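Report on the structure given below.
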Amino acid sequence: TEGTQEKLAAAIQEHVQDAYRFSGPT
Amino acid sequence: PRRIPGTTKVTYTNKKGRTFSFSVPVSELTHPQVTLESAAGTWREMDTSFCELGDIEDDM
Amino acid sequence: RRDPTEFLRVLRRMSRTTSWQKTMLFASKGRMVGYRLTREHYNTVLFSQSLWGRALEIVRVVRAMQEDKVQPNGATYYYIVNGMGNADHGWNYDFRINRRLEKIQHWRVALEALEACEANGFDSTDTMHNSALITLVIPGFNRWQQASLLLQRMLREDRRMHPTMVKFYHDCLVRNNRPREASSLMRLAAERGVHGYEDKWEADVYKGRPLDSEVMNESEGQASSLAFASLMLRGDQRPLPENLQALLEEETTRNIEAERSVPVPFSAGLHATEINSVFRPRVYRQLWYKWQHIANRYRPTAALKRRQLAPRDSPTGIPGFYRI
RNA sequence: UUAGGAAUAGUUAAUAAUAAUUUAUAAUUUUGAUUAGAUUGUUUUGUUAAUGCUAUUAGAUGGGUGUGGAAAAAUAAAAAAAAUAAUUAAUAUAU
Ligand SMILES: [Mg+2]
């Protein structure tokens with residue numbers, strides 16, 4: 001119950017990297 | 001509309017001690033200085049409490 | 001977290017190239033991992049929502065912008081008011097397009113941004129006031145009293161009328177049974193030189209008649225002419241006696257409501273303005289942002305025919321053109 | 001049916017419910033859906049030793065008018081259309 005915020009931060013960071021895949025190279 | 005006076009008087013004292021008025025051509029601002037990243041906190045905000053959205057934690 | 005300049009660089013590209021859902025995903029999830037969204041970040045998101053006319057999304061961005069205590073500029077209010085005019089509305093056959101636009105007071109957010117524009121010191125543009133009048137007037141909405149007072153102060157500030165605003169505001173006054181306000185709108189657009197209305201100029205048949213609000217004020221407080229001040233005469237007509245004319249005025253009162261209570265059997269409860277009036281902005285049909293097109297109806301399907309852009313059994317680059 | 005295959009919805013069933021204020025553990029889809037692209041279909045075509053490969057041009061059209069049995073109605077060398085108009089033949093059209 002206490003380690004859900006860091007897991008949420010990792011999930012939103014993974015979603016941000018999936019959105020970073022739109023940029024392509026570099 | 002209020003017209004700017006243009007000239008302003010400031011008091012200057014000499015080395016002897018005599019005081020007189022420097023007349024300075026001075027105009028005022030017209031546009032707010034919004035290009036600064038720092039926020040003063042004093043600006044009129046927009047009300048959005050009447051809008052209905054999909055917030056299930058709020059009321060209709 | 002990568003470079004925040006790289007975070008802004010992808011936000012610049014998605015508002016410039018792709019649709020509105022990309023900037024809403026990037027700025028929201030980027031705010032949750034810790035990217036400090038500045039005014040440069042919110043103006044790119046608000047450019048993309050103003051283009052596609054996402055009225056619910058503009059309210060959600062301005063709620064997050066006020067929570068982050070970032071002050072909007074004059075370019076920010078330029079996207080809020082012009083974005084409410086580009087909202088989807090209208091009626092398919094019996095299907096209301098964007099029925100949740102009515103419960104949102106998107107006409108009021110466009111009016112609230114106009115009040116906050118002059119209160120904070122910025123200068124509003126001529127396309128803000130023409131787009132704010134459209135949101136009160138569009139066929140899902142019947143607000144011609146507030147749109148009249150907005151147009152009254154628009155002429156006092158010497159704004160020029162947009163031809164899209166005159167097309168919407170004429171159809172709203174005709175639908176709401178106001179021919180004096182509609183004949184004066186055509187008379188005003190012909191004198192100001194609005195394009196498309198220089199040939200339509202109507203005579204003022206209400207030249208001697210007073211205002212409608214002045215009659216209701218006089219009726220609450222010559223007494224034979226006070227009760228019949230609203231009655232319109234040709235000049236070659238005379239009133240009846242006061243007991244006979246008052247019995248005739250109640251005859252026309254019960255006869256007008258008897259005709260207006262009868263439904264037209266193939267209208268789905270709609271005026272003829274509402275029939276076949278589906279609206280999407282200009283982005284839905286192979287076009288992008290232009291400043292002079294405030295609330296631009298998407299061009300018809302006869303503009304681009306298939307099999308003249310690409311031959312048979314070959315793909316064309318129009319995925320969502322013919323889909324209304 | 002798609003060289004680089006994932007979700008979909010004015011939604012499914014019941015119903016003393018025309019015109020659904022209710023009930024449900026609802027419905028489609030990896031046995032390939034919805035959307036996007038291409039797109040009338042069709043042992044009628046062509047080829048071959050070939051149950052293979054390759055083509056197609058009958059059509060239809062929820063807001064133009066609730067009229068009419070039926071909207072298919074803003075334009076078609078016949079389908080001769082309420083007195084045998086003409087019915088020998090060929091051009092039957094340019095004219
Ligand atoms: Mg039940």
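To be explicit about the labels: the chains of the structure tokens are called A, B, and onward in the order shown, and within each one the residues are counted from 1, while ligands get numbers from 1 in the order they are shown.
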(request) Around ligand 1, at most 12 Å away and counting only C-alpha atoms (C1' of nucleotides) and all ligand atoms, which residues are there? Put them as a PyMOL selection string, please. (result) chain D and resi 13-17+20+22-24
Saved selection, atoms kept: C-alpha atoms (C1' of nucleotides), as a PDB file, in the first residue's frame:
```pdb
ATOM      1  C1'   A D  13     -31.102 -10.497 -23.671  1.00  0.00           C
ATOM      2  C1'   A D  14     -35.607 -10.231 -20.673  1.00  0.00           C
ATOM      3  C1'   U D  15     -40.030  -7.398 -20.476  1.00  0.00           C
ATOM      4  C1'   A D  16     -47.911  -6.108 -18.251  1.00  0.00           C
ATOM      5  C1'   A D  17     -42.436  -1.869 -22.043  1.00  0.00           C
ATOM      6  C1'   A D  20     -38.329   0.348 -22.193  1.00  0.00           C
ATOM      7  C1'   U D  22     -36.692  -1.457 -14.250  1.00  0.00           C
ATOM      8  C1'   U D  23     -33.533  -6.232 -14.246  1.00  0.00           C
ATOM      9  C1'   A D  24     -28.908  -8.982 -15.612  1.00  0.00           C
TER      10        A D  24
END
```
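Proximity to chain B at a cut-off of 8 Å picks out residues 38, 56, 59, 63, 66, 69, 70, 71, 72, 73, 103, 104, 105, 106, 109, 112, 113, 116, 119, 120, 121 and 122 of chain C on chain C, counting only C-alpha atoms.
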(message) Need to verify the contact set: residue A:13, 12 Å, only C-alpha atoms (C1' of nucleotides), exclusion of same-chain residues closer than 6 positions in sequence. Can you return it as JSON, numbers by chain?
(response) {"A": [6, 7, 19, 20], "C": [1, 2, 26, 28, 29, 30, 31, 32, 33, 34, 35]}
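Running DSSP on the backbone gives helix (DSSP H, G or I) for these residues within chain A: residues 4, 5, 6, 7, 8, 9, 10, 11, 12, 13, 14, 15, 16, 17, 18, 19 and 20 of chain A.
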For the residues in that selection, give me N, CA, C and O atoms as a short mmCIF file (atom, residue, chain, number, x, y, z; two decimals), in the first residue's frame.
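What landed in out-v2.cif:
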```
data_model
loop_
_atom_site.label_atom_id
_atom_site.label_comp_id
_atom_site.auth_asym_id
_atom_site.auth_seq_id
_atom_site.Cartn_x
_atom_site.Cartn_y
_atom_site.Cartn_z
N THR A 4 2.96 1.97 -3.97
CA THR A 4 2.18 2.15 -5.18
C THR A 4 2.47 3.46 -5.90
O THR A 4 2.25 3.54 -7.11
N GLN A 5 2.97 4.48 -5.20
CA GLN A 5 3.25 5.76 -5.84
C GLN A 5 4.50 5.68 -6.71
O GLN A 5 4.53 6.25 -7.81
N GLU A 6 5.52 4.95 -6.26
CA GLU A 6 6.71 4.77 -7.09
C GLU A 6 6.42 3.85 -8.27
O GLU A 6 6.99 4.04 -9.36
N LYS A 7 5.53 2.88 -8.09
CA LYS A 7 5.11 2.04 -9.21
C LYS A 7 4.31 2.84 -10.22
O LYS A 7 4.44 2.63 -11.43
N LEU A 8 3.47 3.77 -9.74
CA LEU A 8 2.76 4.68 -10.62
C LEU A 8 3.72 5.59 -11.37
O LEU A 8 3.52 5.87 -12.55
N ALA A 9 4.77 6.06 -10.68
CA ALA A 9 5.78 6.90 -11.33
C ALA A 9 6.53 6.13 -12.41
O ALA A 9 6.81 6.68 -13.48
N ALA A 10 6.84 4.86 -12.15
CA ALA A 10 7.48 4.02 -13.17
C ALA A 10 6.55 3.76 -14.35
O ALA A 10 7.00 3.77 -15.51
N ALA A 11 5.26 3.56 -14.09
CA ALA A 11 4.31 3.32 -15.17
C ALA A 11 4.10 4.56 -16.03
O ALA A 11 4.08 4.47 -17.27
N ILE A 12 3.97 5.73 -15.40
CA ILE A 12 3.82 6.97 -16.16
C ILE A 12 5.11 7.32 -16.89
O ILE A 12 5.07 7.87 -18.00
N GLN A 13 6.27 6.97 -16.33
CA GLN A 13 7.53 7.17 -17.04
C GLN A 13 7.64 6.25 -18.25
O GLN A 13 8.15 6.66 -19.31
N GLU A 14 7.15 5.02 -18.13
CA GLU A 14 7.12 4.11 -19.28
C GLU A 14 6.17 4.61 -20.36
O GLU A 14 6.47 4.50 -21.56
N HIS A 15 5.03 5.18 -19.96
CA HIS A 15 4.11 5.78 -20.93
C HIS A 15 4.72 7.01 -21.60
O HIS A 15 4.51 7.25 -22.79
N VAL A 16 5.52 7.77 -20.84
CA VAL A 16 6.22 8.92 -21.40
C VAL A 16 7.29 8.48 -22.40
O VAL A 16 7.47 9.12 -23.44
N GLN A 17 7.97 7.35 -22.14
CA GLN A 17 8.93 6.84 -23.12
C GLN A 17 8.24 6.30 -24.37
O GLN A 17 8.75 6.45 -25.49
N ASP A 18 7.07 5.67 -24.19
CA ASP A 18 6.28 5.25 -25.35
C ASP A 18 5.80 6.44 -26.17
O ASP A 18 5.70 6.34 -27.40
N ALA A 19 5.53 7.57 -25.53
CA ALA A 19 5.23 8.79 -26.27
C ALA A 19 6.48 9.42 -26.87
O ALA A 19 6.39 10.10 -27.89
N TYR A 20 7.64 9.22 -26.24
CA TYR A 20 8.92 9.66 -26.79
C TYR A 20 9.29 8.91 -28.06
O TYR A 20 10.07 9.42 -28.86
#
```
(request) Give as a VMD selection string every residue of chain C that touches chain D within 9 Å, counting only C-alpha atoms (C1' of nucleotides). (result) chain C and resid 93 95 265 to 267 275 to 276 312 to 316 319 to 320
Please produce a file of the residues just selected, as a PDB file, in the first residue's frame, where the atoms kept are C-alpha atoms.
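Wrote result.pdb, looks like this:
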```
ATOM      1  CA  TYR C  93     -30.857  13.149 -39.260  1.00  0.00           C
ATOM      2  CA  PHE C  95     -28.912  12.426 -34.016  1.00  0.00           C
ATOM      3  CA  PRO C 265     -44.478  15.564 -38.468  1.00  0.00           C
ATOM      4  CA  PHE C 266     -41.027  14.975 -40.027  1.00  0.00           C
ATOM      5  CA  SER C 267     -38.736  17.368 -38.170  1.00  0.00           C
ATOM      6  CA  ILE C 275     -31.950  20.219 -40.164  1.00  0.00           C
ATOM      7  CA  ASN C 276     -28.744  19.136 -41.981  1.00  0.00           C
ATOM      8  CA  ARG C 312      -7.970   2.464 -59.510  1.00  0.00           C
ATOM      9  CA  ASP C 313      -6.750  -0.113 -56.941  1.00  0.00           C
ATOM     10  CA  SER C 314      -4.314   2.476 -55.546  1.00  0.00           C
ATOM     11  CA  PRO C 315      -4.517   4.153 -52.127  1.00  0.00           C
ATOM     12  CA  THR C 316      -5.264   7.829 -51.636  1.00  0.00           C
ATOM     13  CA  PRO C 319      -8.275   8.560 -44.563  1.00  0.00           C
ATOM     14  CA  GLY C 320     -10.995  10.627 -42.913  1.00  0.00           C
TER      15      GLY C 320
END
```
(message) If we count only C-alpha atoms (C1' of nucleotides) and set the cut-off at 9 Å, which residues sit around stretch 194-202 of chain C, ignoring sequence neighbours fewer than 2 positions away in its own chain? Please answer as a PyMOL selection string.
(response) chain C and resi 160-163+166+183-184+186-192+204-205
Could you write out that same residue set with N, CA, C and O atoms as a PDB file, in the first residue's frame?
```pdb
ATOM      1  N   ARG C 160     -14.767  45.119 -36.767  1.00  0.00           N
ATOM      2  CA  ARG C 160     -15.425  44.791 -38.022  1.00  0.00           C
ATOM      3  C   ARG C 160     -16.001  43.383 -37.951  1.00  0.00           C
ATOM      4  O   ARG C 160     -15.421  42.491 -37.324  1.00  0.00           O
ATOM      5  N   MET C 161     -17.154  43.200 -38.582  1.00  0.00           N
ATOM      6  CA  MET C 161     -17.888  41.949 -38.486  1.00  0.00           C
ATOM      7  C   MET C 161     -17.344  40.924 -39.472  1.00  0.00           C
ATOM      8  O   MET C 161     -17.051  41.245 -40.626  1.00  0.00           O
ATOM      9  N   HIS C 162     -17.208  39.686 -39.006  1.00  0.00           N
ATOM     10  CA  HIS C 162     -16.760  38.562 -39.816  1.00  0.00           C
ATOM     11  C   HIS C 162     -17.950  37.938 -40.538  1.00  0.00           C
ATOM     12  O   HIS C 162     -19.028  37.817 -39.952  1.00  0.00           O
ATOM     13  N   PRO C 163     -17.783  37.547 -41.810  1.00  0.00           N
ATOM     14  CA  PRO C 163     -18.922  37.001 -42.572  1.00  0.00           C
ATOM     15  C   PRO C 163     -19.444  35.671 -42.055  1.00  0.00           C
ATOM     16  O   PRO C 163     -20.594  35.324 -42.352  1.00  0.00           O
ATOM     17  N   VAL C 166     -22.001  36.729 -39.233  1.00  0.00           N
ATOM     18  CA  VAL C 166     -23.277  37.232 -39.731  1.00  0.00           C
ATOM     19  C   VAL C 166     -24.145  36.088 -40.242  1.00  0.00           C
ATOM     20  O   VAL C 166     -25.377  36.152 -40.161  1.00  0.00           O
ATOM     21  N   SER C 183     -33.412  41.829 -39.762  1.00  0.00           N
ATOM     22  CA  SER C 183     -33.364  42.831 -40.823  1.00  0.00           C
ATOM     23  C   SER C 183     -32.343  43.916 -40.518  1.00  0.00           C
ATOM     24  O   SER C 183     -31.727  44.462 -41.440  1.00  0.00           O
ATOM     25  N   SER C 184     -32.151  44.241 -39.239  1.00  0.00           N
ATOM     26  CA  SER C 184     -31.124  45.201 -38.859  1.00  0.00           C
ATOM     27  C   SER C 184     -29.725  44.619 -38.966  1.00  0.00           C
ATOM     28  O   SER C 184     -28.763  45.377 -39.118  1.00  0.00           O
ATOM     29  N   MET C 186     -28.817  42.423 -41.442  1.00  0.00           N
ATOM     30  CA  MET C 186     -28.537  42.517 -42.871  1.00  0.00           C
ATOM     31  C   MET C 186     -28.317  43.959 -43.302  1.00  0.00           C
ATOM     32  O   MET C 186     -27.529  44.218 -44.218  1.00  0.00           O
ATOM     33  N   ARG C 187     -29.001  44.904 -42.655  1.00  0.00           N
ATOM     34  CA  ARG C 187     -28.785  46.316 -42.945  1.00  0.00           C
ATOM     35  C   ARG C 187     -27.430  46.785 -42.437  1.00  0.00           C
ATOM     36  O   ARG C 187     -26.822  47.680 -43.032  1.00  0.00           O
ATOM     37  N   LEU C 188     -26.943  46.194 -41.346  1.00  0.00           N
ATOM     38  CA  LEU C 188     -25.658  46.590 -40.786  1.00  0.00           C
ATOM     39  C   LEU C 188     -24.497  45.997 -41.575  1.00  0.00           C
ATOM     40  O   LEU C 188     -23.486  46.671 -41.794  1.00  0.00           O
ATOM     41  N   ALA C 189     -24.625  44.739 -42.005  1.00  0.00           N
ATOM     42  CA  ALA C 189     -23.552  44.084 -42.742  1.00  0.00           C
ATOM     43  C   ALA C 189     -23.397  44.630 -44.153  1.00  0.00           C
ATOM     44  O   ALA C 189     -22.304  44.537 -44.722  1.00  0.00           O
ATOM     45  N   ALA C 190     -24.457  45.195 -44.732  1.00  0.00           N
ATOM     46  CA  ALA C 190     -24.335  45.830 -46.037  1.00  0.00           C
ATOM     47  C   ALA C 190     -23.682  47.201 -45.943  1.00  0.00           C
ATOM     48  O   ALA C 190     -22.996  47.621 -46.881  1.00  0.00           O
ATOM     49  N   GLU C 191     -23.880  47.908 -44.829  1.00  0.00           N
ATOM     50  CA  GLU C 191     -23.290  49.230 -44.667  1.00  0.00           C
ATOM     51  C   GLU C 191     -21.835  49.162 -44.228  1.00  0.00           C
ATOM     52  O   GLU C 191     -21.038  50.026 -44.612  1.00  0.00           O
ATOM     53  N   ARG C 192     -21.467  48.164 -43.425  1.00  0.00           N
ATOM     54  CA  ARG C 192     -20.086  48.021 -42.986  1.00  0.00           C
ATOM     55  C   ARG C 192     -19.182  47.418 -44.053  1.00  0.00           C
ATOM     56  O   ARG C 192     -17.957  47.461 -43.896  1.00  0.00           O
ATOM     57  N   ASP C 204     -36.203  49.167 -43.435  1.00  0.00           N
ATOM     58  CA  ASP C 204     -36.566  49.119 -42.019  1.00  0.00           C
ATOM     59  C   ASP C 204     -38.064  49.359 -41.897  1.00  0.00           C
ATOM     60  O   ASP C 204     -38.530  50.495 -41.811  1.00  0.00           O
ATOM     61  N   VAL C 205     -38.834  48.267 -41.865  1.00  0.00           N
ATOM     62  CA  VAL C 205     -40.280  48.370 -41.702  1.00  0.00           C
ATOM     63  C   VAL C 205     -40.690  48.725 -40.281  1.00  0.00           C
ATOM     64  O   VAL C 205     -41.845  49.100 -40.057  1.00  0.00           O
TER      65      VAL C 205
END
```
(request) Considering only C-alpha atoms (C1' of nucleotides), return as a list in words whatever protein or nucleic-acid residues lie within 7 Å of residue B:8, sequence-local ones (same chain, fewer than 4 positions apart) excluded. (result) residues 23, 24, 25 and 26 of chain B
